[PDB]
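Below: the structure, in structure tokens.
Quick note: residue numbers are just sequence positions, from 1. All values below come from the heavy atoms of this structure, side chains included, with hydrogens, waters and symmetry mates left out.
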Amino acid sequence: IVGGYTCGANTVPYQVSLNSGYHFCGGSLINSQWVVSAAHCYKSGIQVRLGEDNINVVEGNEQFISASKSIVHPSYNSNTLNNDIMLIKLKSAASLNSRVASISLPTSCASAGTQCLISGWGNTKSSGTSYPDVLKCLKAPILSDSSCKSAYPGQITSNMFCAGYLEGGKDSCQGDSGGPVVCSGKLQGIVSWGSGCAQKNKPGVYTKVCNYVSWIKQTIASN
Ligand SMILES: NCc1ccc2c(c1)CCO2
Ligand SMILES: [Ca+2]
């Protein structure tokens, strides 16, 4: 996250870290057994780390649970990033508490102008490279379809939205991938892509979660 703030420990209780020897992506806990992330975060050998603040220090609220199964969306295209969503099942159910909690799925698509919270352990510099240990946060609005399209000609599908600031300075960044965009207590986006971080006229692009709720529910019901 560039241009964000320190969230505070365990203040974003649905935020997980995906670890394969090191943090490599965010995700969102959506029930005791399942996490939502980006398809471009897929790999084998994932351990889900819940209850994290400092990802380099055991602070006392963590739960570490290995994935039993990954399900990339049927229609994910890794060249266009259309349908950039996957589900990860945990080998055991997480203990839910005030610091480890699921985030609700949307029942309707959010509108441009809605305020959201984006979080993660990604790079905090737009030029340069510095990875934080503790979780960073950013409040950012959803941008209109038209302005998203204008920023990225011929790249924004109906499964994507932009959020952030056209003036730049405040955005998600590499290592935030797969993490949440939460708006009014609902998971509306997944950190997906963009062009650099926090550049003028290049806001973040996010997977539009409301389009995937019935796939998510049916997948959970049979897996
Ligand atoms: N600035 C949005 C954005 C830019 C780059 C990036 C990500 C997000 C996740 C992977 O790398
Ligand atoms: Ca920790």
Side-chain angles (χ1 to χ4, degrees), residues 1 7 12-52 55 62-78 80-94 100-106 116-123 131 135-138 157 159-161 163 172-183 186-194 204-220 223:
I1 303 287
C7 302
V12 186
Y14 52 82
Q15 171 83 234
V16 313
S17 169
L18 305 184
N19 184 107
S20 59
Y22 41 86
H23 168 81
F24 69 87
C25 274
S28 300
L29 191 63
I30 59 163
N31 68 25
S32 67
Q33 291 188 299
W34 288 91
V35 165
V36 172
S37 185
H40 82 261
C41 293
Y42 166 71
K43 65 170 68 182
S44 67
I46 299 174
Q47 186 184 60
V48 177
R49 297 190 167 208
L50 309 179
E52 286 284 15
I55 51 165
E62 298 90 349
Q63 295 175 46
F64 295 170
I65 306 168
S66 301
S68 61
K69 178 182 284 184
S70 285
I71 301 171
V72 168
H73 191 275
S75 296
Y76 172 56
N77 179 306
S78 57
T80 64
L81 302 181
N82 197 31
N83 307 294
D84 190 14
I85 186 170
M86 65 176 301
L87 284 164
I88 300 162
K89 192 179 186 181
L90 300 182
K91 282 175 184 202
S92 59
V100 173
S102 56
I103 183 70
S104 303
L105 289 178
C116 306
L117 184 70
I118 311 175
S119 50
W121 290 272
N123 190 359
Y131 286 87
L135 187 65
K136 308 291 193 147
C137 275
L138 174 65
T157 75
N159 302 307
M160 297 171 192
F161 68 90
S172 59
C173 203
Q174 291 66 261
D176 293 320
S177 287
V181 178
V182 163
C183 317
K186 311 296 185 175
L187 182 69
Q188 295 285 11
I190 299 163
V191 180
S192 182
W193 64 272
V205 188
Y206 297 95
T207 310
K208 190 170 176 167
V209 174
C210 66
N211 293 359
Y212 296 100
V213 171
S214 62
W215 171 76
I216 293 166
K217 289 184 172 298
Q218 77 91 177
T219 296
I220 289 171
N223 287 275

When rounded to the nearest 0.5 Å, the distance separating CZ of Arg49 from CD1 of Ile65 is 12.0 Å
So CG of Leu29 and CH2 of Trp34: to nearest 0.5 Å the spacing works out to 12.5 Å
Sorted by chain and residue number, the side chain to side chain contact (heavy atoms under 4.5 Å, CB included) partners of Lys91 (sequence neighbours excluded) come out as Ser66, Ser68
One should read off an interatomic distance between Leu18 CG and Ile88 CD1, to the nearest 0.5 angstrom, of 4.5 Å
Side chain to side chain contact (heavy atoms under 4.5 Å, CB included) filter on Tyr131, not counting sequence neighbours, yields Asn123, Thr129, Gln174
Exactly one of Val48, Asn31, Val16 clears side chain to side chain contact (heavy atoms under 4.5 Å, CB included) with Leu90, and that residue is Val48
Main-chain N/O of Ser75 paired to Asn83 side chain as donor or acceptor, under 3.5 Å: yes
Given the options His23, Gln47, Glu52, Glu62, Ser17 meets side-chain hydrogen bond (donor to acceptor under 3.5 Å, both in side chains) only with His23
Candidate pair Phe24 and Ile46, rule side-chain contact (heavy atoms from CB on, under 4.5 Å), full reasoning:
CA-CA 10 Å; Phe24 69 87; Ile46 299 174; 3.9 Å; yes
Can a donor-acceptor pair be found between the side chains of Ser172 and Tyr206 at a distance below 3.5 Å?
-> yes
Side chain to side chain contact (heavy atoms under 4.5 Å, CB included) filter on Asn211, not counting sequence neighbours, yields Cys109, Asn159, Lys208
Donor-acceptor pair, side chain of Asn82 and main chain of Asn77, under 3.5 angstrom:
no
So CD of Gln188 and CZ of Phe161: to nearest 0.5 Å the spacing works out to 7.0 Å
After noting the C-alpha distance and the side-chain angles of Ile85 and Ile216, does the key distance pass the side-chain contact (heavy atoms from CB on, under 4.5 Å) rule? CA-CA 10 Å; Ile85 186 170; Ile216 293 166; 4.2 Å; yes
Using distance alone, with no hydrogens and no angle criterion, decide if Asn223 and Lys69 have a side-chain donor and acceptor under 3.5 Å apart.
yes
